[PDB]
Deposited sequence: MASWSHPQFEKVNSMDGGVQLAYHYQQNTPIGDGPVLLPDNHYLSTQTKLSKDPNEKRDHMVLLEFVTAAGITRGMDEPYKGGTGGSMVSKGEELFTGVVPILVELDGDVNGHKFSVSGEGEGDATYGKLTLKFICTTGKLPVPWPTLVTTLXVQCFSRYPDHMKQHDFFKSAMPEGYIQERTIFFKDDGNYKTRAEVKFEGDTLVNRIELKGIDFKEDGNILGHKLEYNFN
């Protein structure tokens, strides 16, 4: 149908033993714009993202997000034996659900399409409306942080399994990720780089 489907299963577990908010059922609405730095020779992705919690008409951690917060992202990846590393930096403004980040493949050519890594590469920067404050698990787990685990099934192709630790290092929000990808078809849409450079 002109698209490649990627089904995400996700679970998040607090790292610390302090109180967290367990939410009522809801969803995050995410828009993402991908671009390139004309002066950047390395394989890279520039990302502008806005995320807003929604779905309900109606702790100390959210205090850490009232202003602009610097972000660091580090990913270690293995897809079908292809090793690669990605570093990102930028900032988040949860008041506006806003992320601005630049990611670099530090090992050379990224062996998978950038758009397949977007979801892996900090939902604590989501904008929770005022009437929805009590459902923001992500900020409530801070600063000690949370573990984010996913499996991503690419329909008719391979899968990613990810484990990430998201927590504060001083004033900086850090996302450290390990990604393992398996059973990808060598000339499929992922390893064959058949995806458009964008994200809807």
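Participant: What are the C-alpha gaps when you align the coordinates back onto the deposited sequence?
Facilitator: Those parts of the chain that were deposited but carry no coordinates are 1 to 16, 75 to 89, 153.
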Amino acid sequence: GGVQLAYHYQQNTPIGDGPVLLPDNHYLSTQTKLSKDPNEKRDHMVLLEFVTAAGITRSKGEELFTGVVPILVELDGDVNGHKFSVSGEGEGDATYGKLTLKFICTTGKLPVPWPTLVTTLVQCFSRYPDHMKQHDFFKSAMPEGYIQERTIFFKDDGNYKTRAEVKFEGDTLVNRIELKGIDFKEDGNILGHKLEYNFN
From here on, numbers count along this sequence of modelled residues.
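Participant: Which is higher on average in the deposited entry, the C-alpha temperature factors of 59 to 67 or of 170 to 178?
Facilitator: According to the entry, 59 to 67 carries the higher average C-alpha B-factor.
Participant: If I read the C-alpha B-factors straight from the PDB entry, which of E49, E165, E144, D157 is highest?
Facilitator: Comparing C-alpha B-factors across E49, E165, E144, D157, the maximum falls on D157.
Participant: Whose CA atom has the top B-factor in the entry, of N80, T116, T100, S126?
Facilitator: In the PDB entry, the greatest C-alpha B-factor among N80, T116, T100, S126 is found at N80.
Participant: Against its chain's modelled residues, does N39's Cα B factor rank lowest, middle or highest third?
Facilitator: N39: CA B-factor falls in the highest third of its chain.
Participant: Using only modelled residues of the chain, where does the Cα B factor of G92 rank: lowest third, middle third or highest third?
Facilitator: It belongs to the lowest third of the chain when residues are ordered by C-alpha B-factor.
Participant: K133's Cα B-factor: lowest, middle or highest third of the chain?
Facilitator: Highest third, going by the recorded CA B-factors of the chain.
Participant: Would you check the entry's CA temperature factor for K139 and let me know if it's in the chain's lowest, middle or highest third?
Facilitator: Within its chain, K139 is a lowest-third residue by C-alpha B-factor, going by the deposited values.
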